[PDB]
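Structure first, then comments.
Here the Cβ positions follow ideal geometry from the backbone for every residue, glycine too, while neighbour counts run over all protein chains shown. All of this is worked out from the model, or read from it or from the source named; none is laboratory data.
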Amino acid sequence: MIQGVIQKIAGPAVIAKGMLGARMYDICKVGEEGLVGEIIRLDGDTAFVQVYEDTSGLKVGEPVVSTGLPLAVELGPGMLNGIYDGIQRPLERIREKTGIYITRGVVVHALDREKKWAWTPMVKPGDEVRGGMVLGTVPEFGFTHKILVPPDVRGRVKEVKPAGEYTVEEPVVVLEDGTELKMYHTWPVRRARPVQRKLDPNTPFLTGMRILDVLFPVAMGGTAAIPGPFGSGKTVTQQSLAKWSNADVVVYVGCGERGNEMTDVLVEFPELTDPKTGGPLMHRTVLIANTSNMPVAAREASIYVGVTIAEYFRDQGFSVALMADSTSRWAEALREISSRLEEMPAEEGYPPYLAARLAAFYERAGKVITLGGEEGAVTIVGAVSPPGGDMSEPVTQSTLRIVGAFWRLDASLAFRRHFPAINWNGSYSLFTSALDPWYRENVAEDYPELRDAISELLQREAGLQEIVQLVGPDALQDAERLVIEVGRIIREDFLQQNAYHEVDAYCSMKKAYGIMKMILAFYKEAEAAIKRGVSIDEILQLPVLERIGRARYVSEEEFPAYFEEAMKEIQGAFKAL
Amino acid sequence: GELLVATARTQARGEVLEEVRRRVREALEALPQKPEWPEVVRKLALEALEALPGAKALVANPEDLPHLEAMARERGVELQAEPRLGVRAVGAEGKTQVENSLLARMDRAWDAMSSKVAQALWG
Amino acid sequence: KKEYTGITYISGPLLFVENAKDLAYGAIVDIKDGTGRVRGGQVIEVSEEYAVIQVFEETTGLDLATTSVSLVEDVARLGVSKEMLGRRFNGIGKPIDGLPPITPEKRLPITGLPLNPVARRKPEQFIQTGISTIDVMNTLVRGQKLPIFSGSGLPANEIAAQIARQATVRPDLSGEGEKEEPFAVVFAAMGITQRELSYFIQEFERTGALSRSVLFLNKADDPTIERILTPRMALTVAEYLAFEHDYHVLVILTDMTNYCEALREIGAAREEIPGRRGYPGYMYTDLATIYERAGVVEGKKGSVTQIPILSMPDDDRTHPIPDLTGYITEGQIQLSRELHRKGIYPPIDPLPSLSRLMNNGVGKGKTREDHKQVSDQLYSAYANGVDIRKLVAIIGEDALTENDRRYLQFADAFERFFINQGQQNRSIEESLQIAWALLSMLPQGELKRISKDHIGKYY
Amino acid sequence: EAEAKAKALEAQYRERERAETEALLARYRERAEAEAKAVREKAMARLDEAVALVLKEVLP
Ligand SMILES: Nc1ncnc2c1ncn2[C@@H]1O[C@H](COP(=O)(O)OP(=O)(O)O)[C@@H](O)[C@H]1O
C-alpha cells in the first residue's frame, strides 16, 4: 500500500501525512481500529482521511494505509433477506459476535463464504461470452439468480466446472484468456453499470394504494419525492408500500433512523406473504438500515449502496424497489464534511455541490434493456424533510427539479388523520399522458374518461367551500350542496384509508373502477333528481349512499359480488324520485 | 433516405482519412531505416532543448545517442532510457519535462491539418 | 510537446501546480492519468507561482505521481462545418453517433467577442408561432431574446416544442416567403432527465426537421462542471451558421437554472465573495455573455434567435436567477401555475408577461393596423376583470351592479375560450378575429383606446 | 355502405403509401451505395499527395 500516519484530528475528520502518490478516495485503513476512511482532499503529502467509523481517542502516529481502490460490493446470491447496514457489513454476524450493540472497527466479510449452492453451468469450455451475459444460473428461492459477466470482461472460456455445491469463492469459469472469474465481483459504487440501451415508460407501476395511484400514478421507470412535516405518514408509509408491489425485489434503505423505527419492519416480514410468488415476503427484501449514532458521513455511504444493488438485480431481469428514507440526512452529511474542508457554503448553508450528485442519483433508475436483452426497471421513491415543513428550503425545492412527479403531503390533513395526507390540490404526475395504453387494456377505455370525471368534482369542490365558510351552506341551493357531499365520498372512500386494515391492506383497479362507477351514478341521477322538486336533505338521507360507505370493506375477490348487488339498488331506490 | 446518404458519404471519407493516416504511420515507422535517421536526431533534439529554456540533460535510446554529439559536448549528459521515435529531455529541476515524440507530432498536425487534407482530398 | 508535472492540491474541481510561465488564463490542458486515460483541464487561474486547473471530469483514483498535464491550446476554439447537421455532440464536443470526428473548415474562438452596435440592424420581422398569447400581444420578432419562465412540474418542454413546428415567416404581408427561405434550428439542453430526452427526439423526426439541426447533449449525470462549458460551445455554432452560411436558426436553451448551479461551485469553492443571495456577482456577466449574442446585422440572411426557458423555484420572479435575467434579457413570458391545474394549455398568460420588442414594425404596417390597439384594449380589459376576483369573494355572490357584471363575465369567458389551444394552430388572422368577438360582450363606449373607425370596423 | 366506401379508401391510401415508400428506398439506397462508391473512386488519385504534404510538415 502506502504508509504514513496522522497529522491532526478534528472529530470525524483526521489529516495524515507522508502519504504520497496515494489515490483519490479510497479504502483507507486508518488506525489500528483500521477505520475505512476516504481521501477527499489530496493535498501534497497530506491526506485527509474520512472515516465512516465513529471516532474516539485516536492519537497521532497510528498506521494509515490504503488499497487504492474505492468501495464496492461482494455480489452473488444470498442477498435477499440479508443485512448489510450502509458500509455493507452484515449485522447478522456482527449481532452475534458483538453482544448487544454496535461496535466500530469490527470487520467481517460481507456476503457469506460458507454457504453451499447448486450450480448449473450454462456454459461449456472454449465458448465465447460478452461482458454482462450470463454464465450460469443458481437456484435461489423463487429466482433464476444468474452470474452476469463483469463489465469489460469477455473472451474465450478455458473451463467450466460442472454442477456442484459451492461457496461464491471459487471460480467455476476460468477464461481461456487466463481469467479466473469468481462469482462475486467488484464494481465501485460511485459509478453505474451501463446498459445496452434504455427502455422507456408506458407501463404503470402500482403500489396499489388507491388514491395515490389513481390520481397521480408514476411509471415503472420514473422518479418521485415525498415531503411534509413529521407526522403525516412519510416515515412509515413506505413500509407499507413494500407490503405490495408491482415489482420483484424490494431494496430498502433507512438512514439516521432509530432502532425502534424499523424493528417490526424486520420481524414482521416473514408473516407478510407476497402473492406474486406466495412467498413470505422477507425473501426479496434487503436491510441496508442505519442507526442514528453512526457518523454523519455514514449516511452518505449508505445511500449509494442501495442503488448499486438495484442495477445488479435489475440486469437480472428485475423490477426493483428503492425507497429512499430522508435525504435530509445525507444532506447534513455533506453539510458537515464542509466544515472540515472549510468551504463557503451556499445559501442556507450547504455545499454548492448539492444537487450535482443528487441529479445523478435519480437518473440511474428506470427500465432498460441489457446486453442480455433482459428487462427490469428500477423504481425510486425518495422522501425529504425540510425543517419548516414545506418547500422553503432549497434542499427540497431543488429536489423537485430532477424528478418526474412527486407526492406532496401536508400537516393539515394529518391532524384529522387521513392517511395519506396527500393534498390533492397538491402534486402532479407526469405520465398520465402515456399510461393510457395499459389503462384501456386492463380496465377498459371507460377509465380514461371517468377517472378524470372524478377530478372535476373536487376541482369544483374547492371553489365553493370558500364561500361556504364565508357565508354558510345555507344561502346556497341544491346543486351547490350537491358537490359538497360528492366530495365527501371522495374522502370517505379513498383519502381515508388505512394500512392496518386487513381489508384495505391491498386494493386494486377493480375496486377502483368499481367505485369509479358507483359514484358516477349518484351524480347523474341526482342531477335530475333535485330538479324533481326534491330536497337534497332527503337525498342525503337516501341510505344507498350509506351503503357505498361500506365501500372499503368488500374484500377484493367477491368484489363484483357487491358491485352488481348494490348496482341495482341505485336504479331501484331512486325510481321513486 | 437522405440520412443514409449522408452517413454513407461521411463514412466513406473516413475510409479515406484513415488510409492517409495509415500511410503516415507506416511512413513514420519507416524513418529510422531511411538513412536520414541521424539527420533527424538533432533536429528534434535541438528543438526540444530550445523549447526548454532550462537545461539539465537529455535522455534517449542509446541508438540515437551517437547521432548527437552536440549536446554530448553541452548539457550535463545523462542520455538514458528511451524517450523509439521521438526525443525527450528535461530542463532544470524535475519540473516540466518537455519532449518531442514524432507520433505526437502527427497528432498535433492532425488536429490542424484535418481540415487541409480534406481540401486536398476531395476536389 | 509540453508537459507539466508537480501537483500541489486536489480537492473539488480545483487543481494546483507550479512552474507555469506561459500558460494562458483559460486554456484547455490535459490530464494524463496513471491508469492511462486522459481528462480535461481549464487554466482558470494562472499565476506567477501556481495555477488553477479546472477538471472537467471528477477526479477518481487520481494520484500524485502520474498526474501529468499537457497544454493543448491556449484558448478554446472549435471547428465547425455546415456538414455536421443531425449529429450529436456533447459538452466536450466529441461526436456521439459513432460517425467521423468532424473535419473543420475554420476554427474560431468560443468566447467570442461581442457585437458592435453599429453593425446591428434593428429587428423587423416576426413569425407565426401558433399561439395567440404571444402572437397578438407580444409578437415574437425574429432574432429576439425570449425567456419562458416556468416552474417544475409544469409543461415546460412541450410548449417549447410546439413553437419549433409551427414557426414560420409570413409572405402574405410581404412579397417574400419560404420560396425565399428554408428553415432550421439548433437545440441543446445541458443535462436533463432521460424522460425529457427521448420525448424531445420524437418530435424532431416526426417533423423530420432533425436533419437540418445540431444537437449538443450533456445529460444530467456527466461531470457537473461541463455545465458551464457547454452553452458557449453551441452558441458559436450560431454566428457561424448565421453569417457565412446564412440561415434561420432558432436556438433554444433549457435548464439554465442548473447552469448557475454549477457556476456557483467554481465561483465560491475557489473563492470570490458572493455577489448577492448566495451567488457570485459576475453571475451578471456570465449571464450577459450568454444571452447577448442574438440579433441581426445589416444585410445578412442569418438570424440568431435565442429562446431560453428555465425554471426558478416557487414562482418568485425575484428569486435570483430569472431576476437578473430579466434585466439582461428582453422578452418575458410566463407559465401560470394557477392555470395549470385548471386544465388550460399552454398555461401561458399575461400576468406579468410583458414582451419587449413589438413596436418596431410588426403586428402593424405590413400587418393589420387593427391589432395594436386591439391588444392594448384587451390588456386593460383583462385588468378590469380580475380585480374583482377578490372583490367578489368579499362582498358575496353579488352586490355589483349590472354593467360591471359584464367585466367579470368576459374574464372567465376569455380565459376559457381564447387561451386554450389544442394542438391547433391559429393563424394570426384566425386569432385576431376571436379578439373582436370577445370585445363584443363589452358594449362600445367602454372601449376607449382605439379610434372610432376601427372600433366599429370590426365589431 | 358509406362506412364501406371509406374503409376501402383507406386501403388505397395505405397501398399507395406502402409501395412507394418501399420504392423510395430502392432509388435512394442504391444512390447512396452509388455515390459512396463514387467518392472513394474520386479520392484515390491524389490520396498520396496528402501524406507527402503532411509528412513534410511534422518531421523536424
Ligand atoms: N399513512 C399515514 N398517514 C398518517 N399517519 C399515519 C399513517 N399511517 C400511520 N400513521 C400514524 O402516524 C405515525 C407516524 O407517521 P410518520 O410521519 O411516518 O412518522 P414520525 O413522524 O413518527 O417519524 C404512524 O406510525 C402511525 O401511528
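Numerical summary
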{"quantity": "Candidate set from region A:352-377 (those that are assigned to a helix (DSSP H, G or I) and within 9 Å of chain C (Cβ to nearest Cβ)); member that is surrounded by the most Cβ atoms within 10 Å (Cβ to Cβ)", "calculated": "A:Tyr362"}
{"quantity": "Some residue of region A:264-271 being within 12 Å of the ligand (Cβ to nearest atom) and farther than 25 Å from A:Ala434 by Cα", "calculated": "yes"}
{"quantity": "Qualifying residue in region C:355-378 (condition: among the hydrophobic types (A, V, I, L, M, F, W, C) and over 24 Å from C:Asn425 (Cβ atoms))", "calculated": "no"}
{"quantity": "Unmet criterion (only one of (1) within 16 Å of the ligand (Cβ to nearest atom); (2) under 30 Å from A:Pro150 (Cβ atoms)) for A:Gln239", "calculated": "(2)"}
{"quantity": "Where C:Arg276 falls short, out of the listed (1) of a type outside the set (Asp, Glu); (2) surrounded by fewer than 21 Cβ atoms within 10 Å (Cβ to Cβ); (3) touching a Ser or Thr at 6+ places or on another chain (Cβ under 8 Å)", "calculated": "(3)"}
{"quantity": "Every residue from region A:24-53 that is crowded, with 21+ Cβ neighbours inside 10 Å and within 11 Å of chain C (Cβ to nearest Cβ)", "calculated": "A:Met24, A:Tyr25, A:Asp26, A:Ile39, A:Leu42, A:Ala47, A:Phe48"}
{"quantity": "Residue within region A:61-75 that is within 13 Å of chain C (Cβ to nearest Cβ), buried (at least 21 other Cβ atoms within 10 Å of the Cβ) and assigned to a loop (DSSP other than H, G, I, E, B) present", "calculated": "yes"}
{"quantity": "Index of the failed condition, B:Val40 passing every other in (1) surrounded by 17 or more Cβ atoms within 10 Å (Cβ to Cβ); (2) under 30 Å from C:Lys106 (Cα atoms); (3) within 12 Å of the chain's Cα centre (by Cα)", "calculated": "(2)"}
{"quantity": "Top-ranked residue of region A:188-199 - restricted to ones that are out of contact with any strand residue (DSSP E or B) (no Cβ under 7 Å at 6 or more places or on another chain) and among the charged types (D, E, K, R), ranked as surrounded by the fewest Cβ atoms within 10 Å (Cβ to Cβ)", "calculated": "A:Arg190"}
{"quantity": "Neighbours by Cβ (under 6 Å, 6+ apart or cross-chain): first from region A:213-233, within 24 Å of A:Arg451 (Cα to Cα); second assigned to a loop (DSSP other than H, G, I, E, B) and near the ligand (Cβ under 10 Å from one of its atoms)", "calculated": "A:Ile226/A:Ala383"}
{"quantity": "Tally, over region B:20-30, of residues that are loosely packed, with under 15 Cβ neighbours inside 10 Å and within 11 Å of chain D (Cβ to nearest Cβ)", "calculated": "4"}
{"quantity": "Selection within region C:363-397 - among the charged types (D, E, K, R) and either in contact with a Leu (Cβ under 6 Å, 6 or more places away or on another chain) or away from chain A (no Cβ under 14 Å) (or both)", "calculated": "C:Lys364, C:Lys366, C:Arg368, C:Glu369, C:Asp370, C:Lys372, C:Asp376, C:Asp387"}
{"quantity": "Enumeration of residues in region B:43-66 that are assigned to a helix (DSSP H, G or I) and either surrounded by 14 or more Cβ atoms within 10 Å (Cβ to Cβ) or under 15 Å from the mean Cα position of the chain (by Cα) (or both)", "calculated": "B:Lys43, B:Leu44, B:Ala45, B:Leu46, B:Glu47, B:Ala48, B:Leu49, B:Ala51, B:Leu65"}
{"quantity": "Only one of A:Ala324, A:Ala289, A:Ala247 that is within 16 Å of the ligand (Cβ to nearest atom), under 22 Å from A:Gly208 (Cβ atoms) and not basic (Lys, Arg)", "calculated": "A:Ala324"}
{"quantity": "Residue in region C:87-105 that is within 30 Å of C:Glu338 (Cβ to Cβ), touching a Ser or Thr at 6+ places or on another chain (Cβ under 9 Å) and more than 14 Å from chain A (Cβ to nearest Cβ) present", "calculated": "no"}
{"quantity": "Yes/no for A:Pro227 being within 15 Å of the ligand (Cβ to nearest atom) and within 14 Å of chain C (Cβ to nearest Cβ)", "calculated": "yes"}
{"quantity": "Those residues of region C:12-40 which are out of contact with any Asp or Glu (no Cβ under 9 Å at 6 or more places or on another chain) and under 16 Å from A:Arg23 (Cα atoms), in sequence order", "calculated": "C:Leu15, C:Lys32, C:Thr35, C:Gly36, C:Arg37"}
{"quantity": "Qualifying residue in region A:270-283 (condition: crowded, with 22+ Cβ neighbours inside 10 Å and under 15 Å from the mean Cα position of the chain (by Cα))", "calculated": "no"}
{"quantity": "Listing of helices (runs of 4 or more DSSP H) fully contained in region A:171-271 that carry 3 or more residues being closer than 26 Å to A:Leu400 by Cα", "calculated": "A:210-215, A:234-242"}
{"quantity": "Any hit, region A:336-351, residues being touching a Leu at 6+ places or on another chain (Cβ under 9 Å), within 14 Å of another protein chain (Cβ to nearest Cβ), in a loop (DSSP other than H, G, I, E, B) and within 30 Å of A:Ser232 (Cβ to Cβ)", "calculated": "yes"}
{"quantity": "Residue that is of a type outside the set (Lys, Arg), touching a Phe, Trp or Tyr at 6+ places or on another chain (Cβ under 8 Å), over 24 Å from A:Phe205 (Cβ atoms) and not assigned by CATH to the domain that holds A:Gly222, where the choices are A:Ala462, A:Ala521, A:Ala529, A:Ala475", "calculated": "A:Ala529"}
{"quantity": "Count - residues of region B:70-123 that are among the acidic types (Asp, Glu) and within 12 Å of chain D (Cβ to nearest Cβ)", "calculated": "2"}
{"quantity": "1 or more residues within 14 Å of chain A (Cβ to nearest Cβ) and out of contact with any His (no Cβ under 7 Å at 6 or more places or on another chain): qualifying strands (runs of 3 or more DSSP E) within region C:1-62", "calculated": "C:7-10, C:14-18, C:28-32, C:50-54"}
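For (1) of a type in the set (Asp, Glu); (2) within 10 Å of chain A (Cβ to nearest Cβ), each residue gets a yes or a no:
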residue	(1), (2)
C:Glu226	yes, no
C:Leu235	no, no
C:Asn258	no, yes
C:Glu265	yes, yes
C:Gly275	no, no
C:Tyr284	no, no
C:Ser303	no, no
C:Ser311	no, yes
